[PDB]
Amino acid sequence: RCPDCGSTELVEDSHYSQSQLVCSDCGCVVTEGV
Amino acid sequence: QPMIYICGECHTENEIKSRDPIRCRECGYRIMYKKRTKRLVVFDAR
Amino acid sequence: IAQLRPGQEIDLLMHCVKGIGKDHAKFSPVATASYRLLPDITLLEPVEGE
Amino acid sequence: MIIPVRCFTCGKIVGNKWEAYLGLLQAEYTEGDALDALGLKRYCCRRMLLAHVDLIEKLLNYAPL
Amino acid sequence: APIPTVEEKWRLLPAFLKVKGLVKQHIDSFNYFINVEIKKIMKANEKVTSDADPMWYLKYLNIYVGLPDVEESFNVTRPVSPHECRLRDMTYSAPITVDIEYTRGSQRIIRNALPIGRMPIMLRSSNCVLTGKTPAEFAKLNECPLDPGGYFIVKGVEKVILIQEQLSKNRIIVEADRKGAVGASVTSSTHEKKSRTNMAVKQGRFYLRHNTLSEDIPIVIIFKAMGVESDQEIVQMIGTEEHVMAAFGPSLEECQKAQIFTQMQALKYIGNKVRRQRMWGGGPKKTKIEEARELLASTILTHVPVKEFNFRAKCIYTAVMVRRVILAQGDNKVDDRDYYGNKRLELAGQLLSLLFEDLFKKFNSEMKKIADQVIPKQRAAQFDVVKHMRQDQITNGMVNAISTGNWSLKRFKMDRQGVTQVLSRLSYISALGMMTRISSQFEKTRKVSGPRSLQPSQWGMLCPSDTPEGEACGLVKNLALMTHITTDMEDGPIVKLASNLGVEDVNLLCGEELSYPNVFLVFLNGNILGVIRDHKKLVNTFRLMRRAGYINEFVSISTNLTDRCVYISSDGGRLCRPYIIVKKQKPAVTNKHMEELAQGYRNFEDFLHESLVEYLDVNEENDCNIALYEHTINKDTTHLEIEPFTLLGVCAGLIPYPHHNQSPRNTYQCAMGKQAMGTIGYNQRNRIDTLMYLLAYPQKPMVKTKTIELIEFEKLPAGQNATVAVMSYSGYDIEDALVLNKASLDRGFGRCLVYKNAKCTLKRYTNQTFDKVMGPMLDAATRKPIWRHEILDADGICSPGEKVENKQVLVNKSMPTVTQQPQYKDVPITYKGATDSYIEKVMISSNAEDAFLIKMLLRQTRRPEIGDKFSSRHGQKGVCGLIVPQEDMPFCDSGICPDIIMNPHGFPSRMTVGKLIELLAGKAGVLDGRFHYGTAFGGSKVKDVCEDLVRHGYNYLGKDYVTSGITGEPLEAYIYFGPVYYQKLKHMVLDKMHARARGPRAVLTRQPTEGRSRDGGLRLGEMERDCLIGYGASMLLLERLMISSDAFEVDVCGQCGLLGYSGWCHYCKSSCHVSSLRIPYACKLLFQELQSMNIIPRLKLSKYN
Amino acid sequence: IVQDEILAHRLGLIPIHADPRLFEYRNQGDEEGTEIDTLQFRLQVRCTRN
RNA sequence: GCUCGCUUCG
Ligand SMILES: Nc1ncnc2c1ncn2[C@@H]1O[C@H](COP(=O)(O)OP(=O)(O)OP(=O)(O)O)C[C@H]1O
Ligand SMILES: [Zn+2]
Ligand SMILES: [Zn+2]
Ligand SMILES: [Zn+2]
């Protein structure tokens, strides 16, 4: 779940070679870096 | 769902399902290309 | 345009719009549009003989 | 691979004069007189037609067909 | 009265190319290996038996390699084409089988066809399927007819075995040491052992040094040990010159100081200096003198053979060596290593022969071990080798040695690397030039600068200009256009003819005759063949007999008058070059012979047999007189050069008028042509490689060299002819840059295609589970696949014809995590790319291991822009500085606007007059519809193209009246217009552009990665830090090297000085003195590593005030 | 065998005999095209053995 | 992802 909005729309979307699991609703970066 | 492929020498439309040994009828060649898609593609003349 | 072989097929639609040659050379209507100064050869002294 | 439609420098239509040029090669015409008869005055179109290599048939020989 | 000249003489070059030339070397070597050498290797190890249980043996009868086949089918073979091996990522090999006879239970059992391995088949070889095929049959097999071949295909990759260069074996080398002492060295190498024995003069006397001796011993003691005990005979063998005796005096005095006067005493002294090879197994039983005699007979000077413990030949050899050292101790006539007459070239044949011999010996040893372990204790069930003949040994050995490229031969103690290299498919010229490469034994790691020089011995053999610019300058070379590498001969008739020609036996006379001024020593592959008088008659008779055909044409004979030695070389690897024989100021080749050759009456072999053209070696041509042209022929001429432009190699042949340019320009042009973009072959569409560059509209050059016609480069061009105007425009072409025309690029000029490969594998694991591809994950909201899975078809594999964007999946691969229900995790093949790509084809194949291999061929169509690198076939590499419109380009009276504007300032510093000559010739040719020739040391002259220009109404110097396109006013100076063959290089700005955000870091050291494919950041090297220090920018250096790279916050305890964690010190079991501290992560790693090394750094912290 | 992008580039260089004064410039975007500011050319060629 | 080798680039 997202720590800010509590949503479950956590998508793994890499932004320019940066692995990043981020919430799809508010854009809160859950996890980043591999 | 009928999945179609093309042989490397006979060039015939062969329908094979999942987990099948890659082969072609009336021959023994083992190179199987995929047919071109039917979706519309837009190109720029630039 | 191209050369084909039996089995091959070319199917397409072409959308053409108005455009100027500055954007792309394909809109250039003239193949070669140029100008040159008119020459005027003059003889300082009368040349004769071989 | 194939003869370009437009000349690189000027832009005269040259793709339509390729096969006929080949006909002039099938005839007794040389290179220079054939290029002159085709209407190529400037040397850019002459270089375009003369230095072009016809690789489309060599590739079609390897085409699936 | 000028000497008549044969105009058609150059026609001798293509005929030579019909049977020999560029690629025939490796092909012939591989054929000789697989047809003759392999049988000899099998015969050398035909019988293998074990010591236990005698009367048991395994006898090989005959070995075959057969035709290439694939083991895909279940226990059935099938013919496979090399292109199929390229596609399926398998090897192109043929089953090595052998027929044998053995004894199972003392009853003879024979097998007529039993496979034992798989030999990778070289392309276009004798057993290759591609040989003897027509271009139509090549098209049926999806192989280019113009492909040079000669390379191996292993696991889908193309490996080429480079020609190795090494020093000749069994040759005396007189050289100076580190301290200036002029000593000698001889590396006696036989089929079994290679031993380098040296001789020094460190203290005015000669000591002999070998790896089998504890201390170097005087040479006189060795002389006394080898049979000759009288000192007078030793002195006579060394020489009778006064200075020779004066130099050898100290050695005799040192020998007389000791009590060594007989052979037994000398052998005992030598044995005292012998050390056991670490407790050799077996009872010695007083082997000291015996070990000394065995080392003298077998180990020392292996190449010099002793009939039955008769060291007469070895004594004469070491006496000649001492004499050479004495003579070299005066006038500094030190032999040089870079002289290519002492060089030998090993092709793929000899390397493969050694590798196969080693593998077969290992297989025989393994079989003998298995026999010894199985036969004496198993059961009454008689053991047979057939149940234990593993067939994967030789196959895996060959595959690994060819693929990895590192060769480790313990039987020969040879540890080589970089033997095989990936064939470069940048262009046809790239592969054609890489096929004829030669690497040096120096194996560059340091600045030698002694072999890197261009020696005059490379004349006609190796290309002088073609060399990789960089660290490998001078140590990687290319063969010439007309060259040949010799093979090994039988050496029998050579010895017979030498003995019949009056060569006196060396055993019949003493060494004093060696000191006579008219007596010349005759050698043979490093062995003393004997002595002779009037060596001119001997050399003339040997050359005439070689010309007649009774002696092999590759046997070389040379004479050294300084050392008075007649060398007869018959070993393989020597470089030879054909030359026309000249007798009495008139060449043997006439116009009638060339007419017969042109009509087809005779071939090059007929010229060889009729004593018209003969092969000359470097050592042989050292004594011969060669004339470049007919007018240069004088009274003292023995040979005539066939064609001078054959001096250049393959890559150098593309240079139009290379003799008008500078040598660094030619080197840079060769380097860039090795990277030139263009077509690869007629099968370039079905070919699927990891990276391919193709040209949209390639055009053959207008100024083509005869080498281009010979190598058929005009069929596969790698560039385009553009109307270049040499002038300065807008100041965007300051240093090497060029201005491109926008309208030209818009109409297809310079348009290029980049093909990349994306391969995925679905393999079956040990457990009965397999990798499976899921369908496109359709979105329930819109009933359509998601943006990531948009391009996927119904089977989860991307379909050709669509465009792929960044971070899109091509194959929806999911793999199990077990190796009870299987658990699959997704590992899809995402497309990493800045620009979009189009899928041309998707190939799906199945290997024998049920692993599905899927290869997608992505295509990108790129247009020349700012940053693309362009070449002009003259080393004038440039970058597109500005793209101006067509109307901004200047125009002539005819209305022609230039495509490429190049800076004139690059001409004076580089002196590239050849570029101007090529431009003029190309302009004349496109005017009169002809193809002018830029042949080296020849070609079309300037007067002819000037007349062609003046005839067509243009200026005779290329400069034309041009009006400025911008201002509309004529220019004050005429502009140099003309068609130039410009070639685009693979170096693009799109691939080289890089930008690095925070991104990922490395696990060991938390710093950005290295490569762009790894998305790494730039590195501030030591010199950048030095510059930042010199500027005095402390804060910028701190931000770059600490804040932005490896910043971290550690916890240090102020009591013990150690590193804590989470504000706690485990050492002191307290947390009151623990304080946070900023630090580079590499510094913390260093501190931890030092603590691991018992070097404990104790940090005493303090307030910043 | 001819690439799709190369085919489109070759088709773009082909001149059209249409009078440009009777058409107008296509607005920004509007890829669908209208009757006033576009033209459509269909090219469908299927090669087969004689 | 670590290592090594080749290769290019200035
Ligand atoms: N090994 C290297 N170390 C440092 N810089 C290098 C190295 N190799 C190339 N460069 C860079 O390339 C430049 C070398 O060019 P330079 O030697 O001056 O001209 P050039 O290569 O001789 O060209 P010409 O042959 O004169 O046309 C200078 C340097 O910044
Ligand atoms: Zn088929
Ligand atoms: Zn033109
Ligand atoms: Zn502490």
Proxy exposure order for E:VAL386, E:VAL739 (fewest C-beta within 10 Å first) is E:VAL386, E:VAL739
Residue-ordered couplings for the stretch E:300-314, obtained by feeding phi - 60° into the Karplus form 6.51 cos²θ - 1.76 cosθ + 1.60 and rounding to whole Hz (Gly and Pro as x), are 7, 6, 4, 5, 7, x, 9, 4, 9, 6, 10, 8, 4, 5, 5
Dividing the mean separation of Cα pairs under 8 Å (6+ apart) by the residue count of chain D yields a relative contact order in percent of 39 percent
The rounded separation in angstrom of the Cα centers of the stretch E:332-402 and the stretch E:152-177 is 19 Å
Net charge (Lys, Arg +1; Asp, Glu -1) of residues whose beta-carbon lies under 13 Å from that of A:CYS2, A:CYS2 excluded, is -2
Most exposed to least, judged by fewest other Cβ atoms within 10 Å, E:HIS874, E:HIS987, E:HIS631 sort to E:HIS631, E:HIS987, E:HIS874
For E:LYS584, the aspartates and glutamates lying under 19 Å Cα to Cα, once residues fewer than eight places off in the same chain are dropped, come out as E:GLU610, E:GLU614, E:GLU621, E:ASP623, E:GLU630, E:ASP636, E:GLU641
Loop-resident chymotrypsin sites (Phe, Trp or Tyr not before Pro) in the stretch E:224-324 with no more than 16 other Cβ atoms inside 10 Å, DSSP not H/G/I/E/B, are E:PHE261, E:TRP280, E:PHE309
Cross-link reach from E:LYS307 to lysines, straight Cα distance under 21 Å and at least 8 residues apart if same chain, gives E:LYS193, E:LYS194, E:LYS224, E:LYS496
From DSSP H assignment alone, runs of 4+ in the protein assembly as shown each adding -39500 (n - 2.57), the sum over residues rounded to the nearest 500 puts [θ] at 222 nm at -6500 deg cm²/dmol
Going residue by residue through the stretch B:29-46, the Karplus relation 6.51 cos²θ - 1.76 cosθ + 1.60 with θ = phi - 60° gives ³J(HN,Hα) values, rounded to whole Hz and with x marking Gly or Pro, of 5, 10, 10, 10, 8, 9, 5, 5, 5, 9, 6, 6, 10, 9, 10, 9, 6, 5
HN-Hα couplings for the stretch E:865-873 via Karplus (6.51, -1.76, 1.60; θ = phi - 60°), in whole Hz with x for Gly/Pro, come out as 9, 5, x, 6, 8, 10, 10, 10, 6
So, relative contact order of the stretch B:3-46 in percent, Cα under 8 Å, 6 or more apart, is 37 percent
Output field shielding_mean for E:797-809 (other chain Cβ, 10 Å radius) holds 3
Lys and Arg at +1, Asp and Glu at -1: neighbours of E:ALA472 with Cβ under 14 Å from its Cβ sum to +2
Taking E:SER440, E:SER845 and counting other beta carbon atoms within 10 angstrom, the fewest-first order is E:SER440, E:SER845
Once both label points are put 7 Å beyond Cα along the C-beta direction, the E:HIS1073-E:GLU849 separation in nm becomes 5.8 nm
Low-density loop trypsin sites (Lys or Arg not before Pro), the stretch E:574-664, at most 15 other Cβ within 10 Å, DSSP non-H/G/I/E/B, are E:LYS583, E:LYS584, E:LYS635
In debye to the nearest 20, the charge dipole size for the stretch B:3-46, taken about the Cα centre with +1 at each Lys and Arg Cβ and -1 at each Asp and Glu Cβ, equals 220 debye
Listed by chain and number, the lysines with an alpha carbon less than 19 angstrom from that of E:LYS18, same-chain partners under 8 positions apart left out, are E:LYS9, E:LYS133, E:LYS706, E:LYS715
Among trypsin sites (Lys or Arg not before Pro) in the stretch E:285-327, those in a DSSP loop whose Cβ has at most 12 other Cβ atoms within 10 Å are E:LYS285, E:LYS286, E:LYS307
On the formula 1/(1 + (r/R0)^6), with r taken between the Cβ atoms of E:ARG951 and F:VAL45 and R0 of 60 Å, the FRET efficiency rounded to 0.05 is 0.85
Percent relative contact order for the stretch E:685-794, counting Cα pairs under 8 Å at least six residues apart, stands at 29 percent
Once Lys and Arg are counted +1 and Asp and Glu -1 for all other residues with Cβ under 13 Å from that of E:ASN62, the total becomes +2
Note to self: C-alpha centroids of the stretch E:1028-1105 and the stretch E:943-1004 sit apart, in Å, by 57 Å
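Cβ: placed from backbone, ideal geometry, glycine included. Neighbour counts: every protein chain shown. Laboratory data are not the source of any read-out in this text; all were calculated from the coordinates shown.
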